[PDB]
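Below is run-v7.cif, holding mmCIF, N, CA and C atoms.
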data_model
loop_
_atom_site.label_atom_id
_atom_site.label_comp_id
_atom_site.auth_asym_id
_atom_site.auth_seq_id
_atom_site.Cartn_x
_atom_site.Cartn_y
_atom_site.Cartn_z
N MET A 1 -20.33 6.15 -4.35
CA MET A 1 -20.35 4.69 -4.63
C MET A 1 -19.82 4.39 -6.03
N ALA A 2 -18.53 4.05 -6.11
CA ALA A 2 -17.90 3.74 -7.39
C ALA A 2 -16.59 2.99 -7.19
N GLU A 3 -16.25 2.13 -8.14
CA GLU A 3 -15.02 1.35 -8.07
C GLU A 3 -13.94 1.97 -8.94
N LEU A 4 -12.74 2.11 -8.38
CA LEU A 4 -11.61 2.68 -9.11
C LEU A 4 -10.52 1.64 -9.32
N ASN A 5 -10.21 1.36 -10.58
CA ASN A 5 -9.18 0.39 -10.92
C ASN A 5 -7.83 0.80 -10.32
N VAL A 6 -7.15 -0.16 -9.70
CA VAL A 6 -5.86 0.10 -9.08
C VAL A 6 -4.86 -1.00 -9.42
N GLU A 7 -3.59 -0.62 -9.55
CA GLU A 7 -2.54 -1.58 -9.87
C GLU A 7 -1.24 -1.23 -9.14
N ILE A 8 -0.58 -2.26 -8.60
CA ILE A 8 0.67 -2.07 -7.88
C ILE A 8 1.78 -2.89 -8.51
N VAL A 9 2.75 -2.21 -9.10
CA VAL A 9 3.87 -2.88 -9.75
C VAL A 9 5.08 -2.96 -8.83
N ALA A 10 5.72 -4.12 -8.80
CA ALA A 10 6.89 -4.33 -7.96
C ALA A 10 8.17 -4.10 -8.74
N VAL A 11 9.30 -4.47 -8.15
CA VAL A 11 10.60 -4.30 -8.79
C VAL A 11 10.92 -5.46 -9.73
N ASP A 12 10.44 -6.65 -9.38
CA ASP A 12 10.69 -7.84 -10.19
C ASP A 12 9.43 -8.30 -10.91
N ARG A 13 8.27 -7.97 -10.36
CA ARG A 13 7.00 -8.36 -10.97
C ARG A 13 5.86 -7.48 -10.47
N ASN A 14 4.63 -7.91 -10.72
CA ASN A 14 3.45 -7.16 -10.30
C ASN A 14 2.85 -7.76 -9.03
N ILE A 15 2.20 -6.92 -8.23
CA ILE A 15 1.58 -7.36 -6.99
C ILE A 15 0.10 -7.67 -7.19
N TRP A 16 -0.69 -6.63 -7.42
CA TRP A 16 -2.12 -6.80 -7.63
C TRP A 16 -2.66 -5.74 -8.59
N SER A 17 -3.71 -6.10 -9.33
CA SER A 17 -4.32 -5.18 -10.28
C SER A 17 -5.78 -5.55 -10.53
N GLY A 18 -6.68 -4.63 -10.18
CA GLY A 18 -8.09 -4.88 -10.38
C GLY A 18 -8.94 -3.66 -10.10
N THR A 19 -9.82 -3.76 -9.11
CA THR A 19 -10.69 -2.65 -8.74
C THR A 19 -10.84 -2.56 -7.23
N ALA A 20 -10.86 -1.34 -6.71
CA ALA A 20 -11.00 -1.12 -5.27
C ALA A 20 -11.83 0.13 -4.98
N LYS A 21 -12.36 0.20 -3.76
CA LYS A 21 -13.17 1.34 -3.35
C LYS A 21 -12.30 2.53 -3.00
N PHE A 22 -11.25 2.29 -2.21
CA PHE A 22 -10.34 3.36 -1.81
C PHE A 22 -9.11 2.80 -1.10
N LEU A 23 -8.09 3.64 -0.96
CA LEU A 23 -6.85 3.23 -0.29
C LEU A 23 -6.25 4.39 0.49
N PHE A 24 -5.48 4.06 1.53
CA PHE A 24 -4.84 5.07 2.36
C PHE A 24 -3.33 4.87 2.37
N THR A 25 -2.62 5.70 1.62
CA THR A 25 -1.16 5.62 1.54
C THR A 25 -0.52 6.91 2.03
N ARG A 26 0.81 6.90 2.12
CA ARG A 26 1.56 8.07 2.57
C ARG A 26 2.59 8.49 1.54
N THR A 27 2.62 9.78 1.23
CA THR A 27 3.57 10.31 0.25
C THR A 27 4.30 11.53 0.81
N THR A 28 4.99 12.25 -0.06
CA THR A 28 5.74 13.44 0.35
C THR A 28 4.83 14.43 1.06
N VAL A 29 3.56 14.44 0.68
CA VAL A 29 2.58 15.34 1.29
C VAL A 29 2.01 14.75 2.58
N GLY A 30 2.12 13.43 2.73
CA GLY A 30 1.61 12.77 3.92
C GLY A 30 0.48 11.82 3.61
N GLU A 31 -0.33 11.52 4.62
CA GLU A 31 -1.46 10.61 4.45
C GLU A 31 -2.42 11.12 3.38
N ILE A 32 -2.78 10.25 2.45
CA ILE A 32 -3.70 10.62 1.37
C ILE A 32 -4.69 9.50 1.08
N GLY A 33 -5.97 9.85 1.02
CA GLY A 33 -6.99 8.85 0.75
C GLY A 33 -7.61 9.02 -0.63
N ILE A 34 -7.39 8.03 -1.49
CA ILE A 34 -7.93 8.07 -2.84
C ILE A 34 -9.35 7.50 -2.89
N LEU A 35 -10.32 8.38 -3.13
CA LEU A 35 -11.71 7.97 -3.20
C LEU A 35 -12.19 7.90 -4.64
N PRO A 36 -13.26 7.13 -4.91
CA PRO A 36 -13.81 6.97 -6.26
C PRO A 36 -14.10 8.31 -6.92
N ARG A 37 -13.85 8.39 -8.22
CA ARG A 37 -14.09 9.62 -8.97
C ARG A 37 -13.24 10.76 -8.42
N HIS A 38 -11.94 10.69 -8.65
CA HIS A 38 -11.02 11.72 -8.18
C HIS A 38 -9.98 12.05 -9.24
N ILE A 39 -9.56 13.32 -9.28
CA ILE A 39 -8.57 13.76 -10.25
C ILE A 39 -7.26 12.99 -10.09
N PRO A 40 -6.55 12.73 -11.20
CA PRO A 40 -5.28 12.00 -11.18
C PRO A 40 -4.15 12.82 -10.59
N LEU A 41 -3.12 12.14 -10.09
CA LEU A 41 -1.97 12.81 -9.50
C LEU A 41 -0.84 11.82 -9.23
N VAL A 42 0.38 12.33 -9.14
CA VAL A 42 1.55 11.49 -8.88
C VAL A 42 2.26 11.92 -7.61
N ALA A 43 2.85 10.95 -6.91
CA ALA A 43 3.57 11.22 -5.68
C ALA A 43 4.43 10.04 -5.27
N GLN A 44 5.58 10.33 -4.67
CA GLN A 44 6.50 9.28 -4.23
C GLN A 44 6.18 8.84 -2.81
N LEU A 45 6.28 7.53 -2.56
CA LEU A 45 6.00 6.98 -1.24
C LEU A 45 7.12 7.30 -0.27
N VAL A 46 6.93 6.92 0.99
CA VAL A 46 7.93 7.17 2.03
C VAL A 46 8.36 5.87 2.71
N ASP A 47 8.26 4.76 1.98
CA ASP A 47 8.64 3.46 2.52
C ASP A 47 7.87 3.15 3.81
N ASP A 48 6.55 3.30 3.76
CA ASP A 48 5.71 3.05 4.91
C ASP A 48 4.58 2.08 4.56
N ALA A 49 4.92 1.04 3.80
CA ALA A 49 3.94 0.04 3.40
C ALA A 49 2.82 0.68 2.58
N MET A 50 1.85 -0.14 2.17
CA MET A 50 0.72 0.35 1.38
C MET A 50 -0.59 -0.26 1.87
N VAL A 51 -1.54 0.61 2.22
CA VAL A 51 -2.84 0.17 2.70
C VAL A 51 -3.94 0.51 1.69
N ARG A 52 -4.59 -0.51 1.16
CA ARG A 52 -5.66 -0.31 0.18
C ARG A 52 -6.87 -1.18 0.50
N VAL A 53 -8.06 -0.63 0.30
CA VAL A 53 -9.29 -1.36 0.55
C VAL A 53 -10.15 -1.44 -0.71
N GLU A 54 -10.70 -2.62 -0.98
CA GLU A 54 -11.53 -2.82 -2.16
C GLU A 54 -13.00 -2.51 -1.87
N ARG A 55 -13.29 -2.11 -0.63
CA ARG A 55 -14.66 -1.78 -0.24
C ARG A 55 -14.67 -0.78 0.91
N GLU A 56 -15.81 -0.13 1.11
CA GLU A 56 -15.94 0.86 2.18
C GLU A 56 -16.18 0.18 3.53
N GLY A 57 -15.21 0.33 4.43
CA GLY A 57 -15.34 -0.26 5.75
C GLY A 57 -15.48 -1.77 5.72
N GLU A 58 -14.82 -2.41 4.76
CA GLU A 58 -14.88 -3.86 4.64
C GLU A 58 -13.53 -4.44 4.20
N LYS A 59 -13.29 -4.47 2.90
CA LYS A 59 -12.05 -5.00 2.36
C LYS A 59 -10.85 -4.25 2.93
N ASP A 60 -9.70 -4.92 2.98
CA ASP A 60 -8.49 -4.31 3.51
C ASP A 60 -7.24 -5.01 2.98
N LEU A 61 -6.86 -4.69 1.75
CA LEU A 61 -5.69 -5.29 1.13
C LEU A 61 -4.42 -4.86 1.86
N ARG A 62 -3.82 -5.79 2.58
CA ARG A 62 -2.60 -5.51 3.33
C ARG A 62 -1.37 -5.59 2.43
N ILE A 63 -0.84 -4.43 2.06
CA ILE A 63 0.33 -4.36 1.20
C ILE A 63 1.47 -3.62 1.90
N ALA A 64 2.70 -3.99 1.57
CA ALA A 64 3.87 -3.36 2.16
C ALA A 64 4.89 -2.95 1.10
N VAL A 65 4.75 -1.74 0.59
CA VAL A 65 5.66 -1.23 -0.44
C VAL A 65 6.81 -0.46 0.20
N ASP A 66 7.93 -0.38 -0.52
CA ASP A 66 9.10 0.33 -0.02
C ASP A 66 9.69 1.25 -1.09
N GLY A 67 9.52 2.56 -0.89
CA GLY A 67 10.04 3.52 -1.84
C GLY A 67 9.59 3.26 -3.26
N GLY A 68 8.39 3.72 -3.60
CA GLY A 68 7.86 3.52 -4.94
C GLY A 68 7.24 4.77 -5.51
N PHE A 69 6.70 4.65 -6.72
CA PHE A 69 6.06 5.78 -7.39
C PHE A 69 4.56 5.57 -7.49
N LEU A 70 3.79 6.49 -6.91
CA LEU A 70 2.34 6.40 -6.93
C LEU A 70 1.74 7.27 -8.02
N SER A 71 0.98 6.65 -8.91
CA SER A 71 0.33 7.36 -10.01
C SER A 71 -1.17 7.08 -10.01
N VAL A 72 -1.95 8.01 -9.48
CA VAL A 72 -3.39 7.85 -9.41
C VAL A 72 -4.06 8.24 -10.72
N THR A 73 -4.70 7.28 -11.37
CA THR A 73 -5.38 7.52 -12.63
C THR A 73 -6.69 6.74 -12.70
N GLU A 74 -7.68 7.33 -13.37
CA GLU A 74 -8.98 6.70 -13.52
C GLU A 74 -8.87 5.44 -14.38
N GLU A 75 -7.90 5.43 -15.28
CA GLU A 75 -7.68 4.29 -16.15
C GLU A 75 -7.21 3.09 -15.34
N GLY A 76 -6.64 3.36 -14.17
CA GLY A 76 -6.16 2.30 -13.31
C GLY A 76 -4.90 2.66 -12.57
N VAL A 77 -5.06 3.32 -11.41
CA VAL A 77 -3.93 3.73 -10.57
C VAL A 77 -2.73 2.79 -10.72
N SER A 78 -1.53 3.36 -10.65
CA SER A 78 -0.31 2.57 -10.79
C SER A 78 0.68 2.90 -9.67
N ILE A 79 1.18 1.86 -9.02
CA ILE A 79 2.13 2.04 -7.92
C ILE A 79 3.36 1.17 -8.13
N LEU A 80 4.45 1.78 -8.59
CA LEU A 80 5.69 1.06 -8.83
C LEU A 80 6.56 1.05 -7.58
N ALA A 81 6.47 -0.03 -6.81
CA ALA A 81 7.24 -0.16 -5.59
C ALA A 81 8.54 -0.92 -5.84
N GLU A 82 9.55 -0.64 -5.03
CA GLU A 82 10.85 -1.31 -5.17
C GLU A 82 10.84 -2.65 -4.45
N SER A 83 10.00 -2.77 -3.42
CA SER A 83 9.91 -4.01 -2.66
C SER A 83 8.52 -4.15 -2.03
N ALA A 84 7.54 -4.52 -2.85
CA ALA A 84 6.17 -4.69 -2.38
C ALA A 84 5.97 -6.09 -1.80
N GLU A 85 4.87 -6.27 -1.08
CA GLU A 85 4.56 -7.55 -0.46
C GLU A 85 3.05 -7.70 -0.24
N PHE A 86 2.53 -8.89 -0.52
CA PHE A 86 1.11 -9.16 -0.35
C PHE A 86 0.76 -9.28 1.13
N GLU A 87 -0.54 -9.25 1.43
CA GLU A 87 -1.01 -9.36 2.80
C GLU A 87 -0.49 -10.63 3.47
N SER A 88 -0.27 -11.67 2.66
CA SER A 88 0.23 -12.94 3.17
C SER A 88 1.58 -12.76 3.86
N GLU A 89 2.30 -11.70 3.47
CA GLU A 89 3.61 -11.42 4.05
C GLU A 89 3.49 -10.39 5.17
N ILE A 90 2.38 -10.44 5.90
CA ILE A 90 2.15 -9.51 7.00
C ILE A 90 2.09 -10.25 8.35
N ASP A 91 2.45 -11.53 8.34
CA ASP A 91 2.43 -12.34 9.55
C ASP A 91 3.47 -11.84 10.55
N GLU A 92 3.21 -12.08 11.83
CA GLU A 92 4.12 -11.65 12.90
C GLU A 92 5.56 -12.02 12.57
N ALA A 93 5.74 -13.09 11.81
CA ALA A 93 7.07 -13.54 11.42
C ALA A 93 7.86 -12.42 10.74
N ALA A 94 7.29 -11.88 9.67
CA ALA A 94 7.93 -10.80 8.93
C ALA A 94 7.96 -9.52 9.75
N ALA A 95 6.90 -9.30 10.52
CA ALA A 95 6.81 -8.12 11.37
C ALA A 95 7.93 -8.09 12.40
N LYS A 96 8.44 -9.27 12.74
CA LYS A 96 9.51 -9.38 13.72
C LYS A 96 10.86 -9.08 13.08
N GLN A 97 11.15 -9.78 11.99
CA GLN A 97 12.41 -9.59 11.29
C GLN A 97 12.63 -8.12 10.95
N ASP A 98 11.60 -7.50 10.39
CA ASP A 98 11.67 -6.10 10.01
C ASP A 98 11.69 -5.22 11.26
N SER A 99 10.96 -5.63 12.29
CA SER A 99 10.90 -4.88 13.54
C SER A 99 12.31 -4.64 14.09
N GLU A 100 13.20 -5.59 13.84
CA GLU A 100 14.58 -5.48 14.30
C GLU A 100 15.24 -4.21 13.76
N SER A 101 14.69 -3.68 12.66
CA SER A 101 15.23 -2.48 12.04
C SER A 101 16.68 -2.67 11.62
N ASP A 102 16.91 -3.66 10.75
CA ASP A 102 18.25 -3.95 10.27
C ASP A 102 18.57 -3.14 9.01
N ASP A 103 17.68 -2.22 8.65
CA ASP A 103 17.86 -1.38 7.47
C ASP A 103 17.00 -0.12 7.56
N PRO A 104 17.31 0.89 6.73
CA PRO A 104 16.55 2.15 6.71
C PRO A 104 15.12 1.94 6.24
N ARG A 105 14.97 1.18 5.16
CA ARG A 105 13.65 0.90 4.61
C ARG A 105 12.90 -0.12 5.47
N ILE A 106 13.61 -1.14 5.92
CA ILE A 106 13.01 -2.18 6.75
C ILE A 106 12.54 -1.60 8.09
N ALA A 107 13.28 -0.62 8.59
CA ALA A 107 12.95 0.02 9.86
C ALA A 107 11.65 0.82 9.73
N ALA A 108 11.63 1.76 8.79
CA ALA A 108 10.45 2.58 8.57
C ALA A 108 9.25 1.72 8.19
N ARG A 109 9.47 0.77 7.29
CA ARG A 109 8.41 -0.13 6.85
C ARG A 109 8.00 -1.06 7.99
N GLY A 110 8.96 -1.40 8.84
CA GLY A 110 8.67 -2.28 9.96
C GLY A 110 7.58 -1.72 10.85
N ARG A 111 7.74 -0.46 11.24
CA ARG A 111 6.75 0.20 12.09
C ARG A 111 5.42 0.33 11.36
N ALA A 112 5.50 0.62 10.06
CA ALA A 112 4.30 0.76 9.24
C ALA A 112 3.57 -0.57 9.11
N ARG A 113 4.34 -1.65 9.02
CA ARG A 113 3.77 -2.98 8.89
C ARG A 113 3.09 -3.41 10.19
N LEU A 114 3.76 -3.16 11.31
CA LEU A 114 3.23 -3.51 12.62
C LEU A 114 1.88 -2.84 12.86
N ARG A 115 1.81 -1.55 12.56
CA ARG A 115 0.58 -0.79 12.73
C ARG A 115 -0.56 -1.42 11.94
N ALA A 116 -0.30 -1.70 10.66
CA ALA A 116 -1.31 -2.31 9.80
C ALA A 116 -1.73 -3.67 10.33
N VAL A 117 -0.80 -4.36 10.98
CA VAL A 117 -1.08 -5.68 11.54
C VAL A 117 -1.89 -5.57 12.83
N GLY A 118 -1.98 -4.37 13.39
CA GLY A 118 -2.72 -4.17 14.62
C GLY A 118 -1.82 -4.10 15.84
N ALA A 119 -0.58 -3.67 15.63
CA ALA A 119 0.38 -3.56 16.72
C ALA A 119 0.00 -2.43 17.68
N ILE A 120 -0.04 -1.21 17.16
CA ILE A 120 -0.39 -0.05 17.97
C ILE A 120 -1.71 -0.25 18.70
N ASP A 121 -1.90 0.48 19.79
CA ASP A 121 -3.12 0.38 20.58
C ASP A 121 -3.34 -1.04 21.08
#
Using structure tokens, write down the structure that the file contains.
Amino acid sequence: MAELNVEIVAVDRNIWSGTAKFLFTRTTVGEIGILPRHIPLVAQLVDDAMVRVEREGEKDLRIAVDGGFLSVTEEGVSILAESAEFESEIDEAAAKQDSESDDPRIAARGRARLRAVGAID
């Protein structure tokens, strides 16, 4: 039971920065879950959006990053994404445009976005 400060930086500006319980992202190593009180580490994303929760089995910050740098630190995790997006940009509208797969990043992120939106199953 502990809160870990997290921050997500975009290409033109910042997305969100505060405190969260844990998050589930994907890097070169694959799916990774950052839990409270954990050693720091760096890893590059795979353009598969970003899923972070500010609480255990409750909060669910819907984020969609594309090819960024993940830096987990106790001082306040940092995620420099090239094209991040808030949960507000997770509506079926965006899920459709991206679903079309009109790009390499949009395609991979498209499937990742749909899943987070509750597409699968």
Problem set entry | Pick from A:61, A:116, A:11, A:81 nearest to residue A:47, counting only C-alpha atoms | A:81
For this session: Would you mind listing what lies within 8 Å of residue A:43 as a PyMOL selection string, with all atoms listed in the file counted and same-chain residues fewer than 6 positions away left out?
Result: chain A and resi 26-29+68-72
Please produce a file of those selected residues containing N, CA and C atoms, as a PDB file, in the coordinates of the input.
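Written file, selection.pdb:
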ATOM      1  N   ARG A  26       0.810   6.900   2.120  1.00  0.00           N
ATOM      2  CA  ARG A  26       1.560   8.070   2.570  1.00  0.00           C
ATOM      3  C   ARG A  26       2.590   8.490   1.540  1.00  0.00           C
ATOM      4  N   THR A  27       2.620   9.780   1.230  1.00  0.00           N
ATOM      5  CA  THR A  27       3.570  10.310   0.250  1.00  0.00           C
ATOM      6  C   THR A  27       4.300  11.530   0.810  1.00  0.00           C
ATOM      7  N   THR A  28       4.990  12.250  -0.060  1.00  0.00           N
ATOM      8  CA  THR A  28       5.740  13.440   0.350  1.00  0.00           C
ATOM      9  C   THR A  28       4.830  14.430   1.060  1.00  0.00           C
ATOM     10  N   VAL A  29       3.560  14.440   0.680  1.00  0.00           N
ATOM     11  CA  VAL A  29       2.580  15.340   1.290  1.00  0.00           C
ATOM     12  C   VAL A  29       2.010  14.750   2.580  1.00  0.00           C
ATOM     13  N   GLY A  68       8.390   3.720  -3.600  1.00  0.00           N
ATOM     14  CA  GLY A  68       7.860   3.520  -4.940  1.00  0.00           C
ATOM     15  C   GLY A  68       7.240   4.770  -5.510  1.00  0.00           C
ATOM     16  N   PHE A  69       6.700   4.650  -6.720  1.00  0.00           N
ATOM     17  CA  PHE A  69       6.060   5.780  -7.390  1.00  0.00           C
ATOM     18  C   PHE A  69       4.560   5.570  -7.490  1.00  0.00           C
ATOM     19  N   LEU A  70       3.790   6.490  -6.910  1.00  0.00           N
ATOM     20  CA  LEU A  70       2.340   6.400  -6.930  1.00  0.00           C
ATOM     21  C   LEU A  70       1.740   7.270  -8.020  1.00  0.00           C
ATOM     22  N   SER A  71       0.980   6.650  -8.910  1.00  0.00           N
ATOM     23  CA  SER A  71       0.330   7.360 -10.010  1.00  0.00           C
ATOM     24  C   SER A  71      -1.170   7.080 -10.010  1.00  0.00           C
ATOM     25  N   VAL A  72      -1.950   8.010  -9.480  1.00  0.00           N
ATOM     26  CA  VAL A  72      -3.390   7.850  -9.410  1.00  0.00           C
ATOM     27  C   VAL A  72      -4.060   8.240 -10.720  1.00  0.00           C
TER      28      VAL A  72
END
For this session: Kindly extract all protein, DNA and RNA residues lying within 10 Å of the coordinates (-2.4, -6.3, 12.3) given in the file, considering only C-alpha atoms, and supply them as JSON, numbers by chain.
Result: {"A": [62, 90, 91, 92, 95, 113, 114, 115, 116, 117, 118, 119, 120]}
For this session: With only C-alpha atoms counted, which protein, DNA or RNA residues have an atom no more than 10 Å from (1.2, -1.0, -9.0) in the file frame? Please answer as a PyMOL selection string.
Result: chain A and resi 6-11+13-17+65+68-72+76-81+84
Take the selection from the previous step and output its residues with N, CA and C atoms, as an mmCIF file, in the coordinates of the input.
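Okay, result39.cif is ready:
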data_model
loop_
_atom_site.group_PDB
_atom_site.id
_atom_site.type_symbol
_atom_site.label_atom_id
_atom_site.label_comp_id
_atom_site.auth_asym_id
_atom_site.auth_seq_id
_atom_site.Cartn_x
_atom_site.Cartn_y
_atom_site.Cartn_z
ATOM 1 N N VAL A 6 -7.150 -0.160 -9.700
ATOM 2 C CA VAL A 6 -5.860 0.100 -9.080
ATOM 3 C C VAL A 6 -4.860 -1.000 -9.420
ATOM 4 N N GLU A 7 -3.590 -0.620 -9.550
ATOM 5 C CA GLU A 7 -2.540 -1.580 -9.870
ATOM 6 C C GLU A 7 -1.240 -1.230 -9.140
ATOM 7 N N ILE A 8 -0.580 -2.260 -8.600
ATOM 8 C CA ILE A 8 0.670 -2.070 -7.880
ATOM 9 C C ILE A 8 1.780 -2.890 -8.510
ATOM 10 N N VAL A 9 2.750 -2.210 -9.100
ATOM 11 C CA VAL A 9 3.870 -2.880 -9.750
ATOM 12 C C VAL A 9 5.080 -2.960 -8.830
ATOM 13 N N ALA A 10 5.720 -4.120 -8.800
ATOM 14 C CA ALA A 10 6.890 -4.330 -7.960
ATOM 15 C C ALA A 10 8.170 -4.100 -8.740
ATOM 16 N N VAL A 11 9.300 -4.470 -8.150
ATOM 17 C CA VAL A 11 10.600 -4.300 -8.790
ATOM 18 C C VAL A 11 10.920 -5.460 -9.730
ATOM 19 N N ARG A 13 8.270 -7.970 -10.360
ATOM 20 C CA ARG A 13 7.000 -8.360 -10.970
ATOM 21 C C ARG A 13 5.860 -7.480 -10.470
ATOM 22 N N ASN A 14 4.630 -7.910 -10.720
ATOM 23 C CA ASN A 14 3.450 -7.160 -10.300
ATOM 24 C C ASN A 14 2.850 -7.760 -9.030
ATOM 25 N N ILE A 15 2.200 -6.920 -8.230
ATOM 26 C CA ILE A 15 1.580 -7.360 -6.990
ATOM 27 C C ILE A 15 0.100 -7.670 -7.190
ATOM 28 N N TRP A 16 -0.690 -6.630 -7.420
ATOM 29 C CA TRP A 16 -2.120 -6.800 -7.630
ATOM 30 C C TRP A 16 -2.660 -5.740 -8.590
ATOM 31 N N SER A 17 -3.710 -6.100 -9.330
ATOM 32 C CA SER A 17 -4.320 -5.180 -10.280
ATOM 33 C C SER A 17 -5.780 -5.550 -10.530
ATOM 34 N N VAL A 65 4.750 -1.740 0.590
ATOM 35 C CA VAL A 65 5.660 -1.230 -0.440
ATOM 36 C C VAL A 65 6.810 -0.460 0.200
ATOM 37 N N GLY A 68 8.390 3.720 -3.600
ATOM 38 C CA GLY A 68 7.860 3.520 -4.940
ATOM 39 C C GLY A 68 7.240 4.770 -5.510
ATOM 40 N N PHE A 69 6.700 4.650 -6.720
ATOM 41 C CA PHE A 69 6.060 5.780 -7.390
ATOM 42 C C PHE A 69 4.560 5.570 -7.490
ATOM 43 N N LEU A 70 3.790 6.490 -6.910
ATOM 44 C CA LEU A 70 2.340 6.400 -6.930
ATOM 45 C C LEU A 70 1.740 7.270 -8.020
ATOM 46 N N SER A 71 0.980 6.650 -8.910
ATOM 47 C CA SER A 71 0.330 7.360 -10.010
ATOM 48 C C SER A 71 -1.170 7.080 -10.010
ATOM 49 N N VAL A 72 -1.950 8.010 -9.480
ATOM 50 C CA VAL A 72 -3.390 7.850 -9.410
ATOM 51 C C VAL A 72 -4.060 8.240 -10.720
ATOM 52 N N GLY A 76 -6.640 3.360 -14.170
ATOM 53 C CA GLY A 76 -6.160 2.300 -13.310
ATOM 54 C C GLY A 76 -4.900 2.660 -12.570
ATOM 55 N N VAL A 77 -5.060 3.320 -11.410
ATOM 56 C CA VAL A 77 -3.930 3.730 -10.570
ATOM 57 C C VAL A 77 -2.730 2.790 -10.720
ATOM 58 N N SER A 78 -1.530 3.360 -10.650
ATOM 59 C CA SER A 78 -0.310 2.570 -10.790
ATOM 60 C C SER A 78 0.680 2.900 -9.670
ATOM 61 N N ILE A 79 1.180 1.860 -9.020
ATOM 62 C CA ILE A 79 2.130 2.040 -7.920
ATOM 63 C C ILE A 79 3.360 1.170 -8.130
ATOM 64 N N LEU A 80 4.450 1.780 -8.590
ATOM 65 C CA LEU A 80 5.690 1.060 -8.830
ATOM 66 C C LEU A 80 6.560 1.050 -7.580
ATOM 67 N N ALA A 81 6.470 -0.030 -6.810
ATOM 68 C CA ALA A 81 7.240 -0.160 -5.590
ATOM 69 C C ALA A 81 8.540 -0.920 -5.840
ATOM 70 N N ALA A 84 7.540 -4.520 -2.850
ATOM 71 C CA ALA A 84 6.170 -4.690 -2.380
ATOM 72 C C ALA A 84 5.970 -6.090 -1.800
#
For this session: Check what the PyMOL selection byres ((chain A and resi 64) around 7) selects in the file above and give those residues as a list in words.
Result: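 Selected by the PyMOL selection byres ((chain A and resi 64) around 7) here: residues 48, 49, 50, 51, 62, 63, 65, 66, 83, 84, 85, 86, 87 and 113 of chain A.
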For this session: Could you find all residues in stretch 11-117 of chain A that DSSP calls helix (DSSP H, G or I) from the backbone, and write them as a ChimeraX atom specification?
Result: /A:87-90,92-99,104-117
For this session: Quick one: pull the distance between atom CA of residue A:35 and atom CA of residue A:3, Å, one decimal.
Result: 8.9 Å
For this session: Would you mind writing down, as an MDAnalysis selection string, each residue of chain A that DSSP on the backbone assigns to strand (DSSP E or B)?
Result: chainID A and resid 4:9 14:20 22:27 30:34 41:45 50:53 61:63 68:72 77:81
Problem set entry | Selection dump of the PyMOL selection byres ((chain A and resi 74) around 7), as a ChimeraX atom specification | /A:4-5,38-40,72-73,75-77
For this session: Would you mind telling me which residue in A:104, A:33, A:67, A:110 lies nearest to residue A:45 when using only N, CA and C atoms?
Result: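 Of all the options, A:67 lies closest to residue A:45.
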Seminar exercise, completed: The distance between atom CA of residue A:89 and atom CA of residue A:24 is 18.6 Å
For this session: Quote the spacing between atom C of residue A:20 and atom C of residue A:82 in Å to one decimal place.
Result: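 Pair atom C of residue A:20 / atom C of residue A:82 returns 22.8 Å.
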Quick one: residues within 8 Å of residue A:98, all atoms listed in the file counted, chain neighbours fewer than 6 positions away excluded, as a PDB file with N, CA and C atoms, in the coordinates of the input?
ATOM      1  N   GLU A  92       3.210 -12.080  11.830  1.00  0.00           N
ATOM      2  CA  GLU A  92       4.120 -11.650  12.900  1.00  0.00           C
ATOM      3  C   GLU A  92       5.560 -12.020  12.570  1.00  0.00           C
ATOM      4  N   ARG A 105      14.970   1.180   5.160  1.00  0.00           N
ATOM      5  CA  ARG A 105      13.650   0.900   4.610  1.00  0.00           C
ATOM      6  C   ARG A 105      12.900  -0.120   5.470  1.00  0.00           C
ATOM      7  N   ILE A 106      13.610  -1.140   5.920  1.00  0.00           N
ATOM      8  CA  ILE A 106      13.010  -2.180   6.750  1.00  0.00           C
ATOM      9  C   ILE A 106      12.540  -1.600   8.090  1.00  0.00           C
ATOM     10  N   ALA A 107      13.280  -0.620   8.590  1.00  0.00           N
ATOM     11  CA  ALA A 107      12.950   0.020   9.860  1.00  0.00           C
ATOM     12  C   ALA A 107      11.650   0.820   9.730  1.00  0.00           C
ATOM     13  N   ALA A 108      11.630   1.760   8.790  1.00  0.00           N
ATOM     14  CA  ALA A 108      10.450   2.580   8.570  1.00  0.00           C
ATOM     15  C   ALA A 108       9.250   1.720   8.190  1.00  0.00           C
ATOM     16  N   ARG A 109       9.470   0.770   7.290  1.00  0.00           N
ATOM     17  CA  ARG A 109       8.410  -0.130   6.850  1.00  0.00           C
ATOM     18  C   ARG A 109       8.000  -1.060   7.990  1.00  0.00           C
ATOM     19  N   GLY A 110       8.960  -1.400   8.840  1.00  0.00           N
ATOM     20  CA  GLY A 110       8.670  -2.280   9.960  1.00  0.00           C
ATOM     21  C   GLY A 110       7.580  -1.720  10.850  1.00  0.00           C
ATOM     22  N   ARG A 111       7.740  -0.460  11.240  1.00  0.00           N
ATOM     23  CA  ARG A 111       6.750   0.200  12.090  1.00  0.00           C
ATOM     24  C   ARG A 111       5.420   0.330  11.360  1.00  0.00           C
TER      25      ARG A 111
END
Problem set entry | Pick from A:112, A:41, A:56, A:121, whichever lies nearest to residue A:21 using all atoms listed in the file |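 Counting all atoms listed in the file, the residue closest to residue A:21 is A:56.
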Exercise. Which residue, A:101, A:1, A:32, A:22, has the smallest gap to residue A:58 when you use only C-alpha atoms?
Worked result: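 When distances to residue A:58 are compared using only C-alpha atoms, the smallest one comes from A:22.
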